[PDB]
Each structure stands twice: as C-alpha cells, then as structure tokens.
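Peer 1: Input protein-v2.pdb, format and content: PDB, C-alpha atoms.
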ATOM      1  CA  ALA G   1     132.834 -84.476 -28.148  1.00  0.00           C
ATOM      2  CA  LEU G   2     135.937 -82.281 -27.757  1.00  0.00           C
ATOM      3  CA  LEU G   3     134.536 -79.926 -25.094  1.00  0.00           C
ATOM      4  CA  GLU G   4     134.204 -82.859 -22.679  1.00  0.00           C
ATOM      5  CA  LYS G   5     137.834 -83.937 -23.224  1.00  0.00           C
ATOM      6  CA  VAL G   6     139.085 -80.569 -21.962  1.00  0.00           C
ATOM      7  CA  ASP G   7     138.479 -79.249 -18.448  1.00  0.00           C
ATOM      8  CA  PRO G   8     138.377 -75.451 -18.829  1.00  0.00           C
ATOM      9  CA  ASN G   9     139.435 -75.041 -15.204  1.00  0.00           C
ATOM     10  CA  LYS G  10     142.249 -77.601 -15.060  1.00  0.00           C
ATOM     11  CA  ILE G  11     145.867 -76.677 -15.730  1.00  0.00           C
ATOM     12  CA  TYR G  12     147.650 -79.396 -17.704  1.00  0.00           C
ATOM     13  CA  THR G  13     151.331 -80.241 -17.896  1.00  0.00           C
ATOM     14  CA  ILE G  14     153.293 -79.868 -21.130  1.00  0.00           C
ATOM     15  CA  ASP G  15     153.139 -83.636 -21.744  1.00  0.00           C
ATOM     16  CA  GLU G  16     149.363 -84.027 -21.123  1.00  0.00           C
ATOM     17  CA  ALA G  17     148.520 -81.093 -23.429  1.00  0.00           C
ATOM     18  CA  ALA G  18     150.621 -82.486 -26.310  1.00  0.00           C
ATOM     19  CA  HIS G  19     148.623 -85.741 -26.187  1.00  0.00           C
ATOM     20  CA  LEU G  20     145.315 -83.861 -25.886  1.00  0.00           C
ATOM     21  CA  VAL G  21     145.796 -81.417 -28.744  1.00  0.00           C
ATOM     22  CA  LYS G  22     145.944 -84.522 -30.989  1.00  0.00           C
ATOM     23  CA  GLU G  23     142.415 -85.590 -29.985  1.00  0.00           C
ATOM     24  CA  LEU G  24     141.139 -82.042 -30.520  1.00  0.00           C
ATOM     25  CA  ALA G  25     142.489 -81.722 -34.053  1.00  0.00           C
ATOM     26  CA  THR G  26     139.784 -83.391 -36.189  1.00  0.00           C
ATOM     27  CA  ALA G  27     140.181 -81.485 -39.476  1.00  0.00           C
ATOM     28  CA  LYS G  28     141.162 -83.473 -42.591  1.00  0.00           C
ATOM     29  CA  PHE G  29     144.031 -81.054 -43.292  1.00  0.00           C
ATOM     30  CA  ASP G  30     147.018 -80.571 -40.936  1.00  0.00           C
ATOM     31  CA  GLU G  31     146.255 -77.956 -38.277  1.00  0.00           C
ATOM     32  CA  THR G  32     149.018 -75.851 -36.751  1.00  0.00           C
ATOM     33  CA  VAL G  33     149.661 -76.071 -33.028  1.00  0.00           C
ATOM     34  CA  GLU G  34     150.095 -72.643 -31.464  1.00  0.00           C
ATOM     35  CA  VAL G  35     151.372 -71.532 -28.018  1.00  0.00           C
ATOM     36  CA  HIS G  36     150.035 -68.424 -26.262  1.00  0.00           C
ATOM     37  CA  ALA G  37     151.344 -66.750 -23.102  1.00  0.00           C
ATOM     38  CA  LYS G  38     149.952 -63.732 -21.247  1.00  0.00           C
ATOM     39  CA  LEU G  39     153.027 -61.947 -19.894  1.00  0.00           C
ATOM     40  CA  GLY G  40     153.294 -60.127 -16.570  1.00  0.00           C
ATOM     41  CA  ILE G  41     153.955 -56.837 -18.257  1.00  0.00           C
ATOM     42  CA  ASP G  42     152.156 -53.633 -19.055  1.00  0.00           C
ATOM     43  CA  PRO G  43     151.348 -53.016 -22.728  1.00  0.00           C
ATOM     44  CA  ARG G  44     151.261 -49.351 -21.693  1.00  0.00           C
ATOM     45  CA  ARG G  45     154.975 -49.315 -20.881  1.00  0.00           C
ATOM     46  CA  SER G  46     157.502 -49.579 -23.721  1.00  0.00           C
ATOM     47  CA  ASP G  47     160.564 -50.780 -21.763  1.00  0.00           C
ATOM     48  CA  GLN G  48     158.610 -53.971 -21.047  1.00  0.00           C
ATOM     49  CA  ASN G  49     158.633 -55.203 -24.658  1.00  0.00           C
ATOM     50  CA  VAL G  50     159.500 -58.863 -25.227  1.00  0.00           C
ATOM     51  CA  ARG G  51     160.946 -59.627 -28.674  1.00  0.00           C
ATOM     52  CA  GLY G  52     163.317 -62.499 -29.339  1.00  0.00           C
ATOM     53  CA  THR G  53     163.781 -65.513 -31.579  1.00  0.00           C
ATOM     54  CA  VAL G  54     164.207 -69.192 -30.825  1.00  0.00           C
ATOM     55  CA  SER G  55     165.068 -72.307 -32.795  1.00  0.00           C
ATOM     56  CA  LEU G  56     162.557 -75.080 -32.363  1.00  0.00           C
ATOM     57  CA  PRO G  57     164.138 -78.464 -31.751  1.00  0.00           C
ATOM     58  CA  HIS G  58     161.694 -79.889 -34.303  1.00  0.00           C
ATOM     59  CA  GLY G  59     161.135 -77.059 -36.827  1.00  0.00           C
ATOM     60  CA  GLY G  60     163.116 -73.821 -36.900  1.00  0.00           C
ATOM     61  CA  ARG G  61     161.481 -70.637 -38.153  1.00  0.00           C
ATOM     62  CA  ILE G  62     160.132 -68.768 -35.121  1.00  0.00           C
ATOM     63  CA  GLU G  63     160.462 -65.225 -33.732  1.00  0.00           C
ATOM     64  CA  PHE G  64     158.116 -63.996 -30.973  1.00  0.00           C
ATOM     65  CA  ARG G  65     156.861 -60.591 -29.879  1.00  0.00           C
ATOM     66  CA  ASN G  66     154.250 -59.343 -27.396  1.00  0.00           C
ATOM     67  CA  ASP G  67     150.974 -58.041 -28.807  1.00  0.00           C
ATOM     68  CA  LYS G  68     148.912 -55.029 -27.687  1.00  0.00           C
ATOM     69  CA  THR G  69     147.702 -56.939 -24.634  1.00  0.00           C
ATOM     70  CA  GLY G  70     151.142 -58.186 -23.474  1.00  0.00           C
ATOM     71  CA  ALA G  71     150.453 -61.623 -24.924  1.00  0.00           C
ATOM     72  CA  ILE G  72     152.799 -63.810 -26.921  1.00  0.00           C
ATOM     73  CA  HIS G  73     151.751 -66.204 -29.661  1.00  0.00           C
ATOM     74  CA  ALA G  74     153.780 -68.793 -31.584  1.00  0.00           C
ATOM     75  CA  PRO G  75     153.373 -71.996 -33.688  1.00  0.00           C
ATOM     76  CA  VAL G  76     155.220 -74.996 -32.248  1.00  0.00           C
ATOM     77  CA  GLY G  77     154.531 -77.651 -34.857  1.00  0.00           C
ATOM     78  CA  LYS G  78     151.662 -79.495 -36.477  1.00  0.00           C
ATOM     79  CA  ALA G  79     148.950 -81.572 -34.893  1.00  0.00           C
ATOM     80  CA  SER G  80     150.280 -84.531 -36.980  1.00  0.00           C
ATOM     81  CA  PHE G  81     153.662 -84.482 -35.126  1.00  0.00           C
ATOM     82  CA  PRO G  82     154.304 -87.282 -32.641  1.00  0.00           C
ATOM     83  CA  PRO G  83     153.275 -85.990 -29.129  1.00  0.00           C
ATOM     84  CA  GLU G  84     156.802 -86.085 -27.733  1.00  0.00           C
ATOM     85  CA  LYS G  85     157.954 -83.671 -30.478  1.00  0.00           C
ATOM     86  CA  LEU G  86     155.238 -81.127 -29.621  1.00  0.00           C
ATOM     87  CA  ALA G  87     156.140 -81.398 -25.939  1.00  0.00           C
ATOM     88  CA  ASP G  88     159.777 -80.434 -26.655  1.00  0.00           C
ATOM     89  CA  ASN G  89     158.879 -77.483 -28.886  1.00  0.00           C
ATOM     90  CA  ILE G  90     156.515 -76.180 -26.191  1.00  0.00           C
ATOM     91  CA  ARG G  91     159.278 -76.291 -23.539  1.00  0.00           C
ATOM     92  CA  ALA G  92     161.902 -74.768 -25.828  1.00  0.00           C
ATOM     93  CA  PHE G  93     159.675 -71.758 -26.472  1.00  0.00           C
ATOM     94  CA  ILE G  94     158.925 -71.228 -22.772  1.00  0.00           C
ATOM     95  CA  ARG G  95     162.454 -71.762 -21.461  1.00  0.00           C
ATOM     96  CA  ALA G  96     163.428 -69.155 -24.065  1.00  0.00           C
ATOM     97  CA  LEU G  97     160.621 -66.792 -23.136  1.00  0.00           C
ATOM     98  CA  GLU G  98     161.506 -66.866 -19.416  1.00  0.00           C
ATOM     99  CA  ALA G  99     165.008 -65.570 -20.158  1.00  0.00           C
ATOM    100  CA  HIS G 100     163.527 -62.327 -21.440  1.00  0.00           C
ATOM    101  CA  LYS G 101     161.518 -60.983 -18.467  1.00  0.00           C
ATOM    102  CA  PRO G 102     162.342 -57.268 -18.843  1.00  0.00           C
ATOM    103  CA  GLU G 103     164.278 -55.700 -15.929  1.00  0.00           C
ATOM    104  CA  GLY G 104     161.421 -53.181 -15.475  1.00  0.00           C
ATOM    105  CA  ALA G 105     158.655 -55.721 -14.777  1.00  0.00           C
ATOM    106  CA  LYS G 106     157.784 -56.721 -11.189  1.00  0.00           C
ATOM    107  CA  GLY G 107     155.672 -59.801 -10.502  1.00  0.00           C
ATOM    108  CA  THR G 108     155.109 -63.216 -12.066  1.00  0.00           C
ATOM    109  CA  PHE G 109     156.262 -63.164 -15.695  1.00  0.00           C
ATOM    110  CA  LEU G 110     154.240 -66.074 -17.024  1.00  0.00           C
ATOM    111  CA  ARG G 111     150.653 -65.350 -15.953  1.00  0.00           C
ATOM    112  CA  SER G 112     148.867 -67.783 -18.242  1.00  0.00           C
ATOM    113  CA  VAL G 113     150.111 -70.244 -20.857  1.00  0.00           C
ATOM    114  CA  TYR G 114     147.847 -72.263 -23.173  1.00  0.00           C
ATOM    115  CA  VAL G 115     147.873 -74.228 -26.439  1.00  0.00           C
ATOM    116  CA  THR G 116     145.453 -74.386 -29.389  1.00  0.00           C
ATOM    117  CA  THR G 117     144.858 -75.737 -32.868  1.00  0.00           C
ATOM    118  CA  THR G 118     143.064 -73.780 -35.631  1.00  0.00           C
ATOM    119  CA  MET G 119     139.717 -74.689 -34.064  1.00  0.00           C
ATOM    120  CA  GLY G 120     138.439 -75.923 -30.675  1.00  0.00           C
ATOM    121  CA  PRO G 121     138.979 -75.665 -26.887  1.00  0.00           C
ATOM    122  CA  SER G 122     142.201 -74.141 -25.506  1.00  0.00           C
ATOM    123  CA  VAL G 123     144.471 -76.226 -23.292  1.00  0.00           C
ATOM    124  CA  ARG G 124     145.862 -74.326 -20.285  1.00  0.00           C
ATOM    125  CA  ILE G 125     149.331 -75.624 -19.409  1.00  0.00           C
ATOM    126  CA  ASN G 126     151.710 -75.467 -16.425  1.00  0.00           C
ATOM    127  CA  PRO G 127     154.827 -73.923 -17.919  1.00  0.00           C
ATOM    128  CA  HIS G 128     157.086 -75.418 -15.250  1.00  0.00           C
ATOM    129  CA  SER G 129     156.481 -79.006 -16.339  1.00  0.00           C
TER     130      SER G 129
END
Here is a file; write its structure as structure tokens.
Peer 2:
Amino acid sequence: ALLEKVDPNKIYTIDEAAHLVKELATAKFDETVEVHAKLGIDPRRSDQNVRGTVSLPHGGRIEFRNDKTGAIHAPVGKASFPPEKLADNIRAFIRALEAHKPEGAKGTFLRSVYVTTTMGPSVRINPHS
C-alpha cells in the first residue's frame, strides 16, 4: 500500500522524496511530478506577488506564479525520470523561488513545500536539503 510508505507527519529531504515518488506512481501511463509551495505572503496584498520563470536542468518549459492562496505549483519532470534527475529539478525550482521573496513580506518565505504525482499521498519536503 502507498499510504503506509508515506508518513504524513514526517518531512523528507529532496533526495528521499525523489526516490519515494517513484514507488507512489503506479499508473501504466507516465505521471507528472509536481512541486507545491505555500509562500509566506498574503494573497490579500498585491505587492507580494511572486511570478518568475526558471529553466529546469532536466526539462525546460516552466514559469511559476502564486495562486489565490499564496501557493506555488510547478511540474518538475516525470515519475519515469531517474531519481537523481527529479532531485535536481526540485532544488532548481526552490533555489529560484527563494530569490523572489518580495521586499514587502515579513516572516519565513517557504512555509510548506511538498511533491505529488497525479494521484496519491503528498510528500512533504525540507527545502533546505
């Protein structure tokens, strides 16, 4: 079972997650791996809008933007990808995100970061790993 391979309370490192999202993807087609991050901003305030692009080391087409709840979502590869390639794409997105903490936001910028495939449990990850 998948549920028992993921600890909902545990925070995983970028490497661990990459190797775990492969055991969660069971579909016969190739699921997309997606990164989500709840930002330390206020959706209410407009000068706290995060919108930038980034080139994935292993891919390339990706531009992010905060949603109505101050959250950022982005695909970082396919579940078929070798684990080390997912791990690099995950870091490249974060390291890029962190450079955009708006001047008008006080507090931790990365409040929660997790990874998911098209179906299944989410994998909470330590972004500083």
Peer 1: Expand the PyMOL selection byres ((chain G and resi 107) around 9) into the individual residues it matches in the shown file, reporting them as JSON, numbers by chain.
Peer 2: {"G": [40, 41, 105, 106, 108, 109]}
Peer 1: Counting all atoms listed in the file, which residue out of G:92, G:54, G:123, G:99 sits closest to residue 22 of chain G?
Peer 2: G:123
Peer 1: From the set G:20, G:32, G:46, G:3, which residue has the shortest atom-to-atom contact distance to residue 102 of chain G, counting all atoms listed in the file?
Peer 2: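 Counting all atoms listed in the file, the residue closest to residue 102 of chain G is G:46.
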Peer 1: Please report, as JSON, the centre and edge lengths in Å to one decimal of an axis-aligned box covering all listed atoms of segment 33-36 of chain G with 4 Å per side.
Peer 2:
{"center_x": 150.5, "center_y": -72.2, "center_z": -29.6, "size_x": 9.7, "size_y": 15.6, "size_z": 14.8}
Peer 1: Report, in Å with one decimal, the straight-line distance from atom CA of residue 44 of chain G to atom CA of residue 113 of chain G.
Peer 2: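 For atom CA of residue 44 of chain G relative to atom CA of residue 113 of chain G, the distance reads 20.9 Å.
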Peer 1: Calculate how many Å separate atom CA of residue 47 of chain G from atom CA of residue 69 of chain G, rounding to one decimal.
Peer 2: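 If I compute the distance from atom CA of residue 47 of chain G to atom CA of residue 69 of chain G, I get 14.5 Å.
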Peer 1: Might you spell out which residues the PyMOL selection byres ((chain G and resi 71) around 7) would select in the displayed file, as a compact mmCIF listing (two decimals) with C-alpha atoms, in the coordinates of the input?
Peer 2:
# COMPACT_ATOMS: atom_id res chain seq x y z
CA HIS G 36 150.04 -68.42 -26.26
CA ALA G 37 151.34 -66.75 -23.10
CA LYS G 38 149.95 -63.73 -21.25
CA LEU G 39 153.03 -61.95 -19.89
CA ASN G 66 154.25 -59.34 -27.40
CA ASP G 67 150.97 -58.04 -28.81
CA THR G 69 147.70 -56.94 -24.63
CA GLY G 70 151.14 -58.19 -23.47
CA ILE G 72 152.80 -63.81 -26.92
CA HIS G 73 151.75 -66.20 -29.66
Peer 1: Between atom CA of residue 19 of chain G and atom CA of residue 110 of chain G, what distance in Å does the model show, to one decimal?
Peer 2: 22.4 Å
Peer 1: Using only C-alpha atoms, which of the listed residues (G:10, G:58, G:45, G:5) sits closest to residue 91 of chain G?
Peer 2: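 Among the listed residues, the smallest separation from residue 91 of chain G belongs to G:58.
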Peer 1: On this file, the PyMOL selection byres ((chain G and resi 115) around 12) gives some set of residues; write that set as a ChimeraX atom specification.
Peer 2: /G:6,11-22,24-25,32-38,72-79,86-87,89-91,112-114,116-127
Peer 1: When distances are computed from only C-alpha atoms, which of G:23, G:82, G:1, G:68 shows the smallest separation from residue 43 of chain G?
Peer 2: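 When distances to residue 43 of chain G are compared using only C-alpha atoms, the smallest one comes from G:68.
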Peer 1: Find the residue from G:31, G:4, G:63, G:42 that sits nearest to residue 96 of chain G; use only C-alpha atoms when measuring.
Peer 2: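 Between G:31, G:4, G:63, G:42, the residue approaching residue 96 of chain G most closely is G:63.
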Peer 1: List as a list in words: which residues have an atom within 9 Å of (162.3, -59.5, -28.9), counting all atoms listed in the file?
Peer 2: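 Residues close enough to count: residues 49, 50, 51, 52, 53, 63, 64, 65, 66 and 100 of chain G.
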Peer 1: In terms of the shortest atom-to-atom distance over all atoms listed in the file, which of G:111, G:101, G:128, G:85 is closest to residue 56 of chain G?
Peer 2: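 Using all atoms listed in the file, residue 56 of chain G sits closest to G:85.
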